[PDB]
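In the form deposited in one PDB entry, a lone chain appears below as structure tokens.
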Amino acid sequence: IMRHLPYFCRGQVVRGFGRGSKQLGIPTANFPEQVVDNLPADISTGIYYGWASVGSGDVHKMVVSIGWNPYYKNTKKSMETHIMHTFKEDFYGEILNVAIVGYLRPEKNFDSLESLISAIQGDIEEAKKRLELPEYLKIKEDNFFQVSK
């Protein structure tokens, strides 16, 4: 009902299970439990696409997962952002600025690491396309991000 995205929020980038880069070749920046549990109720668990900036850096496209990761069966709900951008160094401890702008699909279980990697890869592409809609690109100019720098 709060599908009145975009939804903005900032979170400190903290350690996850060490699975993204290591198992999937897809790192995700993880938010602290306090940020996740304080998310608006209307935000469903699932996979979204949107914008993000690390610190006072530039805004880039991204996909973010909000849930329990059915494949790994996590106990605590998480919020993980994968930015479609190549960074030279890791940014643990930095503040990640985020704008969730659209819903892609819900979290799923898979029969193999391969199937999951492939689905995630799929979200990234779909995201790459949808974020081009001008209505969405404007979001990238929102004051919320101008203040980041």
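Position 1 is the first residue in the sequence shown; the rest follow in order. Heads up, when I say rigid core I mean the largest set of C-alphas that superpose within 1.5 Å between the two forms.
One more form of this protein exists, namely the form deposited in another entry; it is left out here, but the text below deals with it.
With the core held fixed between this form and the one not shown, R130 has its Cα displaced by under 2 Å.
In the core-superposed comparison between this form and the one not shown, the C-alpha atom of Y103 has shifted by less than 2 angstroms. After superposition on the rigid core, displacement of the C-alpha of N69 between this form and the one not shown amounts to 2 Å or more. Compared with the form shown here, the Cα atoms of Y71 and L113 move at least 3 Å farther apart in that other deposited form. Whereas the displayed form keeps them at a certain spacing, the CA atoms of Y71 and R10 lie at least 3 angstroms closer in that other deposited form.
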